[PDB]
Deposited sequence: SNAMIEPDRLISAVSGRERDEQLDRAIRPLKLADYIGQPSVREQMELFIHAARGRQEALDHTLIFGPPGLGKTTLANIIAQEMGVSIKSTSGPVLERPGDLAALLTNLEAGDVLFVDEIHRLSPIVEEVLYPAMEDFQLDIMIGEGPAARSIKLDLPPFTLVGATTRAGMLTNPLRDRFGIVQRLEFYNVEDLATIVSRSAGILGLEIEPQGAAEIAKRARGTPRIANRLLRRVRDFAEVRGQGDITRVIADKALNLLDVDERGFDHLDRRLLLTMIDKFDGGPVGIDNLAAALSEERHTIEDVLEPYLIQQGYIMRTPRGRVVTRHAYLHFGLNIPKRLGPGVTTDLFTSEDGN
């Protein structure tokens, strides 16, 4: 209900919205498939949502898959051969395609031709289609794959004013009364993401209905977020454990990503793709050639003294 199904409802990414509206209206005007589109940025920013909007606005079907799911060239082939003219094939986590599966994608995208080995090479014609790929950052794709995308959109963390607009819109859809400052409190602590802002709104609604009067106020939002263990900066338990581990076990860094992951019992990709991007963006962590380091702001956040020493 609250997820935008069309570009008109896509708030907080004006450049992306304006560009996509233009490219889609142009492709439809020519009765052609939209050019292959790459969407990148952090998780929860609406990559899957945008992919679905593309299919919706184009008036076509969307087939969704993921880089890890396509273990063999034939798995990709099966999807490609099942598309109708103009359909969207959405491949989330596209940077995790195995090098050999990625090879099949090159002619499928560029020439609408399937070229697969079975030994014998088989060449088959494909109907026009749109590949929508998503990854956390564009630089982690090869140059050949990257260069086959005709449209490239970059999603960035949302500013707090736009997140508040999104929270207020969602509250309206849910029939909830919300004060401006209530929407602001949630937006402030939503970690720059509409996914999180919307989830937090649902949990705040619960608190309002059970412990309050049913409406969303700044005080109700604050108490509810405190119960959820989400702090004033939008940091959750894992975010704080990451920063505190860097401070306590590694003296603030520098610490290599593998050492940090092992110290947290978390995988590398989790720290790099899920935890770190917002923390770096907000100025709490910095990457250096010798490893990640916390900034003085990490110490200040926890009421700790800033150490003064040499590097």
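Gaps in the coordinates relative to the deposited sequence fall at 1-25, 144-148, 342-355.
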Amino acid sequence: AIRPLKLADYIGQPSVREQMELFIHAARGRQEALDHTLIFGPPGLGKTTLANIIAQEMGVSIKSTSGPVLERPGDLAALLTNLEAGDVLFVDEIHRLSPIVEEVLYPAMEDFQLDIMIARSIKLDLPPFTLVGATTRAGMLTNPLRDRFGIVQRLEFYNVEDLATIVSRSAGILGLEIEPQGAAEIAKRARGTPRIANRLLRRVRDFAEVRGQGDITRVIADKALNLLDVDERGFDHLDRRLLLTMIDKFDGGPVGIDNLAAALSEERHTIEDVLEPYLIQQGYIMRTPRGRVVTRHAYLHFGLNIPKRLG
From here on, numbers count along this sequence of modelled residues.
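Stretch comparison (145-153 versus 94-102) by mean CA B-factor in the PDB entry places 94-102 on top. Across the two stretches, 210-218 and 72-80, the PDB entry reports the greater mean Cα temperature factor for 72-80.
Remark: of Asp35, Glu266, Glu276, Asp251, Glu266 shows the highest value [criterion: C-alpha B-factor in the PDB entry]. Of the candidates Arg240, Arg199, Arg191, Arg137, the one whose C-alpha carries the top B factor in the deposited record is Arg137. Residue-level temperature factors show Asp111 in the highest third of its chain, judged at the C-alpha atom. Remark: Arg290 belongs to the highest third of its chain, ranked by C-alpha B-factor as recorded.
Per-chain ranking of the deposited C-alpha B factor places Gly256 in the middle third.
Among all modelled residues in its chain, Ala26 ranks in the lowest third by Cα B-factor. Sort the chain's modelled residues by C-alpha temperature factor and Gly133 lands in the lowest third, per the entry.
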